[PDB]
$ cat protein.txt   # compact mmCIF, C-alpha atoms
# COMPACT_ATOMS: atom_id res chain seq x y z
CA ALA Y 2 25.60 42.27 27.94
CA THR Y 3 26.83 38.87 26.85
CA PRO Y 4 23.82 37.22 25.14
CA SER Y 5 24.11 34.03 27.20
CA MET Y 6 22.99 36.19 30.13
CA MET Y 7 19.44 35.88 28.89
CA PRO Y 8 18.42 32.33 27.93
CA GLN Y 9 15.56 33.07 25.53
CA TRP Y 10 17.84 34.55 22.88
CA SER Y 11 19.78 31.31 23.10
CA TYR Y 12 16.60 29.25 22.92
CA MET Y 13 15.27 30.85 19.73
CA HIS Y 14 18.70 30.52 18.08
CA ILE Y 15 19.14 34.30 18.14
CA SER Y 16 22.59 33.98 19.73
CA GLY Y 17 24.64 31.03 20.89
CA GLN Y 18 25.80 27.94 19.05
CA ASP Y 19 25.62 27.21 15.33
CA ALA Y 20 23.76 24.64 13.28
CA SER Y 21 26.39 21.92 13.58
CA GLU Y 22 26.49 22.08 17.37
CA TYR Y 23 23.07 21.64 18.94
CA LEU Y 24 21.97 18.88 16.58
CA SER Y 25 22.45 15.29 17.64
CA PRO Y 26 25.43 14.27 15.51
CA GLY Y 27 23.65 11.45 13.73
CA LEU Y 28 21.36 13.87 11.94
CA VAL Y 29 24.27 16.15 11.03
CA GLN Y 30 25.99 13.21 9.37
CA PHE Y 31 22.72 12.27 7.67
CA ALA Y 32 22.35 15.74 6.20
CA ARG Y 33 25.95 15.85 5.03
CA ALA Y 34 25.33 12.47 3.40
CA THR Y 35 22.36 13.55 1.27
CA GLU Y 36 23.04 17.17 0.36
CA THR Y 37 22.28 16.57 -3.32
CA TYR Y 38 19.07 14.64 -3.77
CA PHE Y 39 17.14 15.66 -0.64
CA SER Y 40 18.19 18.95 0.89
CA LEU Y 41 18.02 20.02 4.50
CA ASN Y 42 20.35 23.03 4.42
CA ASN Y 43 17.70 25.65 5.19
CA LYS Y 44 15.50 24.20 7.95
CA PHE Y 45 17.37 25.93 10.80
CA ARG Y 46 18.86 29.41 11.10
CA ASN Y 47 22.29 29.81 12.69
CA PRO Y 48 22.81 33.31 14.10
CA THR Y 49 25.70 35.76 13.99
CA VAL Y 50 26.88 38.41 16.45
CA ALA Y 51 28.97 41.51 15.92
CA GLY W 753 -7.41 19.79 -14.72
CA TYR W 754 -4.07 18.06 -15.10
CA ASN W 755 -2.85 20.94 -17.26
CA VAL W 756 -0.24 23.18 -15.67
CA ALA W 757 1.88 26.25 -16.44
CA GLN W 758 -1.23 27.50 -18.27
CA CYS W 759 -0.35 25.18 -21.14
CA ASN W 760 -1.74 21.88 -22.45
CA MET W 761 0.80 19.74 -20.56
CA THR W 762 0.07 17.31 -17.76
CA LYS W 763 1.79 17.80 -14.42
CA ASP W 764 3.55 14.45 -14.50
CA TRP W 765 5.54 15.13 -17.64
CA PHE W 766 6.56 18.53 -16.33
CA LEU W 767 7.79 16.96 -13.11
CA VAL W 768 9.67 14.25 -14.96
CA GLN W 769 11.50 16.70 -17.19
CA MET W 770 12.35 19.04 -14.34
CA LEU W 771 13.78 16.16 -12.33
CA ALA W 772 15.69 14.56 -15.18
CA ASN W 773 17.42 17.81 -16.08
CA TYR W 774 17.88 19.58 -12.75
CA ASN W 775 17.09 17.21 -9.87
CA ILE W 776 14.46 19.83 -9.05
CA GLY W 777 10.82 19.34 -8.21
CA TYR W 778 10.53 17.19 -5.11
CA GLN W 779 10.85 20.42 -3.13
CA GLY W 780 8.79 22.86 -5.16
CA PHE W 781 9.71 24.62 -8.37
CA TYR W 782 11.88 27.62 -9.15
CA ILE W 783 14.27 28.99 -11.75
CA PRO W 784 17.43 26.86 -12.03
CA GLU W 785 20.77 28.62 -12.04
CA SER W 786 22.33 29.77 -15.28
CA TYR W 787 25.46 27.62 -15.32
CA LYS W 788 23.30 24.55 -14.69
CA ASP W 789 21.04 25.56 -17.62
CA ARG W 790 22.93 25.56 -20.91
CA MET W 791 21.60 26.43 -24.36
CA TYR W 792 20.24 23.01 -25.28
CA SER W 793 18.58 22.58 -21.89
CA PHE W 794 14.87 22.08 -21.31
CA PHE W 795 13.79 25.22 -19.50
CA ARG W 796 15.29 27.89 -21.75
CA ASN W 797 13.37 26.54 -24.75
CA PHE W 798 9.83 26.19 -23.36
CA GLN W 799 7.24 28.70 -24.57
CA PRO W 800 3.51 28.45 -23.77
CA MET W 801 1.03 30.12 -26.12
CA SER W 802 -2.73 30.59 -26.09
$ encode --input "protein.txt" --output "structure tokens"
Amino acid sequence: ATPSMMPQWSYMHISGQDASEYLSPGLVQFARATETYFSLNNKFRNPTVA
Amino acid sequence: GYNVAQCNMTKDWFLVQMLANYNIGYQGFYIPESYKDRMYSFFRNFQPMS
């Protein structure tokens, strides 16, 4: 079935939106502002579906 | 016990060199990528002996 049928898989980031979506946009801009000298590009996993 | 890497070097100097040549160290340590580590770099020419 479509994954959004069950909410848990959406809650644990198993299926649903990506990294850039659920975050409050201020923090996304913050991360994109300091990619070099203080990373944050691995603190959240964004799923994929076939 | 300020020695590290099983050599006679204090931690602080190791951290300073790693930062100044790779911006690496505030988030652990690992092996920097090849193209960012040329011949005259720090890491390629560091040998501890005992």
$ interface_residues --input "protein.txt" --of "chain W" --to "chain Y" --cutoff "10 Å" --atoms "only C-alpha atoms" --output "JSON list (two decimals) with C-alpha atoms, in the coordinates of the input"
[["chain", "number", "residue", "atom", "x", "y", "z"],
["W", 775, "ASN", "CA", 17.09, 17.21, -9.87],
["W", 776, "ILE", "CA", 14.46, 19.83, -9.05],
["W", 778, "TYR", "CA", 10.53, 17.19, -5.11],
["W", 779, "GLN", "CA", 10.85, 20.42, -3.13]]
$ axis_aligned_box --input "protein.txt" --around "region 17-30 of chain Y" --padding-each-side "4 Å" --output "JSON"
{"center_x": 23.9, "center_y": 21.2, "center_z": 15.1, "size_x": 13.1, "size_y": 27.6, "size_z": 19.5}
$ residues_around --input "protein.txt" --residues "residue 51 (chain Y)" --least-positions-apart "3" --cutoff "12 Å" --atoms "only C-alpha atoms" --output "count of residues only"
4
$ residues_around --input "protein.txt" --residues "residue 24 (chain Y)" --least-positions-apart "6" --cutoff "12 Å" --atoms "all atoms listed in the file" --output "ChimeraX atom specification"
/Y:18,30-32,45,47
$ residues_near_point --input "protein.txt" --point "(-3.2, 30.2, -25.2)" --cutoff "10 Å" --atoms "all atoms listed in the file" --output "PyMOL selection string"
chain W and resi 758-760+800-802
$ residues_around --input "protein.txt" --residues "region 783-786 of chain W" --least-positions-apart "4" --cutoff "9 Å" --atoms "all atoms listed in the file" --output "list in words"
residues 774, 776, 790 and 795 of chain W
$ atom_distance --input "protein.txt" --atom1 "CA of residue 796 (chain W)" --atom2 "CA of residue 777 (chain W)"
16.6 Å
$ closest_residue --input "protein.txt" --among "Y:14, Y:28, Y:23, Y:9" --to "residue 46 (chain Y)" --atoms "only C-alpha atoms"
Y:14
$ residues_around --input "protein.txt" --residues "residue 6 (chain Y)" --least-positions-apart "5" --cutoff "12 Å" --atoms "all atoms listed in the file" --output "JSON, numbers by chain"
{"Y": [11, 12, 16, 17]}
$ atom_distance --input "protein.txt" --atom1 "CA of residue 756 (chain W)" --atom2 "CA of residue 772 (chain W)"
18.1 Å
